[PDB]
Amino acid sequence: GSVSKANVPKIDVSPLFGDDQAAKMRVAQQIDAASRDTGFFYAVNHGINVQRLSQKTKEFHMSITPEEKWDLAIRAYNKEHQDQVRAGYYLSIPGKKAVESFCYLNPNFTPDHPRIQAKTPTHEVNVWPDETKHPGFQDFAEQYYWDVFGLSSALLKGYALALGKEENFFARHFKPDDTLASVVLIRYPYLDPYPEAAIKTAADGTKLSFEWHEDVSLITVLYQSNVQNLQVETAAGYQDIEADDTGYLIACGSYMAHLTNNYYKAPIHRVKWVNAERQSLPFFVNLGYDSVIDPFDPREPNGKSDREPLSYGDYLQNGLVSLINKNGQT
Ligand SMILES: CC(C)[C@@H](NC(=O)[C@H](CS)NC(=O)CCC[C@H](N)C(=O)O)C(=O)O
Ligand SMILES: [Fe+3]
């Protein structure tokens, strides 16, 4: 009853920022190979200062007070905030729930933005702590949104080429003026004693902090500190994903699986319980509310797929609710 380790290749993605088309195809091949195996790879040579990301996130997590958390809380924790379904603070519950997080959306979502004016679901105006109590936090967080947006746009070029498409096949739908992408700054704390109520037990006996799921995204671009915790499901059981706090862990979400007829699966994964202070900082690569990509099937000579096109806004709204229903309010 031992646990094997997943093959998670490290892919130099730097050619995807350049104009060497053959080098980009060689990256795309590596993305294809990983996407057809266990679905995860580490993007290296990504150009983002992840040390600064981790340090600024830690300063925020470790200095925000319970008062500030109520003031930023999403609707699930504060009935006064009916407009915050996505963006805001996700409180821990001492003795019951260890995890806590802060989620923010496209900074271009302002009261002027037409989707906010129209009150379209999944669109919200970000909430932020007091600048003098958290100096430079909002500036860092907004800058990081566009830093990882740029990396994500390059990765989407790699995925498009990997599937035999022109490099903008996905990226053309990934735009700063309407992207529903989100950043979540998750704190997993060290706790002694650790609350038993915050630990789940999987069917195979493994103690978990978060149960199996597929990501609600096109792709997910994830930075985690150096504490091993993630597992990917394979036909022969769950395998450990090695940690690497210098790179980004990349995987497809269920929207990619939908449009490729599962040719690129959304890998099922879960979070092992580990009693260690650590960070989990995902960027969910979401398209626009009206974005639609025609499904295709790489396995078939003509690429035909009879799967219906799915509007991304419908997918996102339904998917986020379903993930809460199935795996709990985070
Ligand atoms: C690394 C992940 C597995 C992380 N969990 C997560 O990020 C989980 C599963 S992918 N994701 C979510 O709950 C979706 C949050 C969506 C966000 N509020 C939004 O409005 O866009 C963890 O560490 O728990
Ligand atoms: Fe996930």
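Positions of Cβ are backbone-derived with ideal geometry, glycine not excepted, and every protein chain shown enters the neighbour counts. Laboratory data are not the source of any read-out in this text; all were calculated from the coordinates shown.
Here are the numbers for the structure shown:
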| read-out | value |
| --- | --- |
| Length-normalised contact order for the chain - Cα pairs under 8 Å, 6+ apart - percent | 20 percent |
| Ordering of 320-327, 7-14 by packing [mean C-beta count within 10 Å, highest first] | 7-14, 320-327 |
| Between region 261-330 and region 126-205, the alpha-carbon center distance in angstrom | 14 Å |
| Estimated inter-spin distance, residue 133 and residue 197, nm [label 7 Å along Cα→Cβ] | 2.5 nm |
| Positive-pole candidate from 38, 3, 57, dipole of the chain, charges at beta carbon | 3 |
| Cα-centre dipole for region 140-298 with unit charges at Cβ (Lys and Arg positive, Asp and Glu negative), debye to 20 | 100 debye |
| Gain in span if fully extended, residue 14 to residue 175, counting 0.36 nm per residue against the direct Cα distance | 55.9 nm |
| Within the chain: Cβ-based charge dipole about Cα centre, in debye rounded to nearest 20 (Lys, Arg +1; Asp, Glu -1) | 580 debye |
| Normalised contact order of region 241-322, rounded percent, pairs of Cα under 8 Å and 6 or more residues apart | 27 percent |
| Under the span-like rule (Cα at least 15 Å along the axis, Kyte-Doolittle mean at least 1.6), DSSP H helices of the chain | none |
| Estimated FRET transfer efficiency when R0 is 30 angstrom, pair residue 234-residue 165 (beta carbons, to 0.05) | 0.65 |
| Relative contact order for region 30-152, counting Cα pairs under 8 Å that sit 6 or more residues apart, in percent | 19 percent |
